[PDB]
């Protein structure tokens, strides 16, 4: 139905620090014959579940340094790969990927696995999408760990969530250009640019899912959706703001990668005001957009903060 391709399994043979066993679902409702990959780590009977959402242009490999810390605390960790990314299947046409298409998969996943007592861990697209999930079923969400992310609202209601698209030239403009223009997109090169501390090995794990451009339709569409917000995304994101400001009563932990040109402090302080009860942020000076590459410190501090209220 949805024409999609699948990454050969040998592409992930030599992954660095990725000893997690795959789990798949190819029976989600709305996603017929599409196989989704996700990690299920720690005790599968734990009370607490960390749902780790990744963004553009990565996969669950991004949470590889946080996963073990959350699991050792006694929690179950779910880290799904969105369709078009990591080990999940990849639809071939960019038109298949929409805000709701990826949002509905997350609601499908959550219902399917029956996740409860969720600690939402988001960043980037993990957050554009994931911050709109709680209002759908408030009872399954109990905590949030938010790294550089915001809501894809309209420019008027929140200019801070729209300004970064145009300025500065070396921020989101550069980012989108690097991703949607090359006809020969090398994700290892892109990642080493955007996450200067990655080793060669780690950079190649980010390119691992895409043997050639025919596999990167989802990678291509995400930046375009930051640029061109459809009505449903706007409506839903706008309504999530209200949920965070007035309905949210859980615990929150915010961490900012201070070197981020995209969603750094001019985006995160405003986000911090809209999230009821959000405490002071943990500013990580050396981290850029991929805060998770400095993930062990974030996981440990968040658990620390969470223990001093539970």
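Positions refer to the first chain, counted from 1.
Worksheet entry | Mean C-alpha temperature factor, higher of 71-79 and 170-178 | Taking the mean C-alpha B-factor of 71-79 and of 170-178, the larger value falls to 71-79.
Worksheet item: Out of 297-305 and 19-27, which stretch has the higher average CA B-factor listed in the record?
Response: Comparing 297-305 with 19-27, the higher average CA B-factor belongs to 297-305.
Worksheet item: Per the coordinate record, which of the options 56, 40, 247, 260 holds the highest CA temperature factor?
Response: Answer for 56, 40, 247, 260: 247, with the highest C-alpha B-factor.
Worksheet item: Looking at 274, 255, 46, 62, which has the biggest Cα B factor in the entry?
Response: Each of 274, 255, 46, 62 was compared by C-alpha B-factor; the highest is 46.
Discussion item. Looking at the temperature factor on the CA atom of residue 240, which third of the chain's modelled residues does it land in?
Written reply: Residue 240: CA B-factor falls in the middle third of its chain.
Worksheet item: Lowest, middle or highest third of the chain for the C-alpha temperature factor of residue 116?
Response: Tercile = highest for this residue's CA B-factor.
Worksheet entry | residue 94 - Cα temperature factor, lowest/middle/highest third of chain | Ranked within chain, residue 94 CA B lands in the middle tercile.
Worksheet entry | Position of residue 267 among the chain's modelled residues by C-alpha B-factor, lowest, middle or highest third | According to the entry, residue 267 has a C-alpha B-factor in the chain's middle third.
Discussion item. By the recorded C-alpha temperature factor, relative to the other modelled residues in its chain, which third is residue 88 in?
Written reply: Lowest third of the chain for residue 88's C-alpha B-factor.
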